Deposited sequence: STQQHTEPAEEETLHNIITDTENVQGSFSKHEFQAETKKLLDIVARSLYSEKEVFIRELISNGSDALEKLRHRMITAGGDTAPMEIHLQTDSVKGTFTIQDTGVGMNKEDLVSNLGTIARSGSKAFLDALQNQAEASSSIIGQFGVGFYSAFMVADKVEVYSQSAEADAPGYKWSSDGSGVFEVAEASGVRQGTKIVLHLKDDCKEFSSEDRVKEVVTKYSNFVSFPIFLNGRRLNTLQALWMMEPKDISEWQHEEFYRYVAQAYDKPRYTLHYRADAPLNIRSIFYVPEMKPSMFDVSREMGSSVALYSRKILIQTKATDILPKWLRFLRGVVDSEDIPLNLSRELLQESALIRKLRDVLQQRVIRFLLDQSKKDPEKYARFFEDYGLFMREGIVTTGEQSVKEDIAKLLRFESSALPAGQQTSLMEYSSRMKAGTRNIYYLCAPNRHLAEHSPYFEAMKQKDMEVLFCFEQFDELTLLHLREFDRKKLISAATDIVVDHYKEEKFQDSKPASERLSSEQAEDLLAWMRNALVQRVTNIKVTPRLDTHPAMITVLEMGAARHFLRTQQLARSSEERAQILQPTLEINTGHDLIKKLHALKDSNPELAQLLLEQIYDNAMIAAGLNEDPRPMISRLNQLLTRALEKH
């Protein structure tokens, strides 16, 4: 019944002509202005990232003093937004080449030149060569004044409406660094409001490693603690940071400050709140994803497994694959790897807490144990079920009332002939201890886990086995 037309019929008839790929810059400008970003406000993120990059370059050539700052100014009656950094600036060649050429970035050349890259490569944000054009999403006119930190280089003014052409002229009175003035479009006047700009900086950019001022007021006093050496962060600093990133008023019960370079770059701080979890926490994460100190996503969907959604804090990775709009490239293998790494590290962290302070862990488990049970029921990977299962606590017939035990402690108490873990679910210990089911087990000198919570029975039935041992309900026959 087949119907094909694909057939190998073609042969080349003439000499080949060689050609370079070209680009329609006017369309590209339009695409970047209208078809890349879902929200126009990210132009502020992009200009601040450029200011930071320029300052980072200056910091490196400070070997070889000057204040390294980013200033923002709003003027409502003028309808302008201005950003000025005290960074490396641009000479005429740089202005024409780097600003005038889409997809051209000064990042690679700066990094390559530096003898040792590691430190600078971590700090430099820009990689695509398009971020500057985000200005034209919101501005009818863009003027750039720049003065390079070179020998006796002159100052320059670069100007454009984003309509295919720009102009450059020598300029006097330009301070070292770069000032960008945006004359905002009529439908974008909100970015000449101080409160509005403050919200955008707080959202994306406040953890930038240089002071940001808005109309003279410091916006970003709080530092990116995740980058720092964990021992140099006091308990008080963690309380304060937790409250800020969690938008909370309580304090953290637990703090895990995790840094790794292998198998991927991770700089992270996680907190467990002291308050018991809300019904929206249980309903449905509040961990935010950063890359090189800039926000990528405010609520992970998802760099953590669902059952860890009770965690608060920040994960920063240099290795996050970004799309051109600087959102996450979805479901990359690196994200799945990151998620698995974090799950393993948090499980081990919580396990370590249960051994360091059982009383405190017990309080944690009363309140957050539901998430563990859910995590076990949710996955079909046995190794994951069994790892999360290590976090579970139960009472036991072999222990006095109120005393909690783990599956691992139970198993350590078994005898080598045996491969069954017995449990009995009941509203409370008195009824467990006086169940006919328990007397049977008691005859056989078999220890029984007592399970009073929900959904304890369902969890254990899902878990099925633990450490090669069958989970068997005593409440039968």
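Visitor: Deposited sequence versus model: which ranges have no CA atoms?
Guide: Counting from residue 1, the stretches without coordinates are 1-12, 77-80, 301-303, 497-647.
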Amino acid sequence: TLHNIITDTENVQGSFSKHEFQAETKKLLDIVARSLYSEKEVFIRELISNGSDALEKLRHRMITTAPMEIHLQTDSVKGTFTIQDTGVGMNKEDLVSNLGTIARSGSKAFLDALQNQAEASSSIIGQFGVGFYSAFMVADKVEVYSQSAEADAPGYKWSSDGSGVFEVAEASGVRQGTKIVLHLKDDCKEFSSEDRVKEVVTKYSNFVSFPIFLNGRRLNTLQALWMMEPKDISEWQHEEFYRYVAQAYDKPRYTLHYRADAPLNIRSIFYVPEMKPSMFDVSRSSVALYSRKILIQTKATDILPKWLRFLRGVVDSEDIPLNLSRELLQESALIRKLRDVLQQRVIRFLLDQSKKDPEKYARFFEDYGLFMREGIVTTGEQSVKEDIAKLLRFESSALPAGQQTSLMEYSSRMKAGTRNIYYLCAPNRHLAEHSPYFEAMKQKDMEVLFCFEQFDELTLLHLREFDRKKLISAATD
From here on, numbers count along this sequence of modelled residues.
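Visitor: May I ask you to compare 104-112 and 207-215 by their mean CA B factor in the entry and name the higher one?
Guide: Taking the mean B-factor of the alpha carbons in each, 104-112 is higher.
Visitor: Higher average CA B factor in the deposited record is what I'm after, so tell me if that's 414-422 or 24-32.
Guide: Of 24-32 and 414-422, the stretch with the higher C-alpha B-factor average is 414-422.
Visitor: Checking the record values for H71, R339, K276, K293, which has the greatest CA B factor?
Guide: Answer, based on the entry's C-alpha B-factors: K276.
Visitor: Among the candidates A389, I124, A300, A246, give the one with the maximum CA B-factor reported in the record.
Guide: So the option with the highest C-alpha B-factor is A300.
Visitor: Per the entry's values, where does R284 land by CA temperature factor relative to the rest of its chain, in the lowest, middle or highest third?
Guide: Answer is highest: the recorded C-alpha B-factor places it there.
Visitor: For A440, does the deposited CA B-factor place it in the lowest, middle or highest third of the chain?
Guide: Top third by C-alpha B-factor.
Visitor: Based on the entry's values, in what third of the chain does the Cα temperature factor of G131 lie: lowest, middle or highest?
Guide: Ranked within chain, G131 CA B lands in the lowest tercile.
Visitor: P230: which third of its chain by C-alpha temperature factor?
Guide: It belongs to the middle third of the chain when residues are ordered by C-alpha B-factor.
Visitor: When the modelled residues of the chain are sorted by Cα temperature factor, does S317 land in the lowest, middle or highest third?
Guide: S317: CA B-factor falls in the lowest third of its chain.
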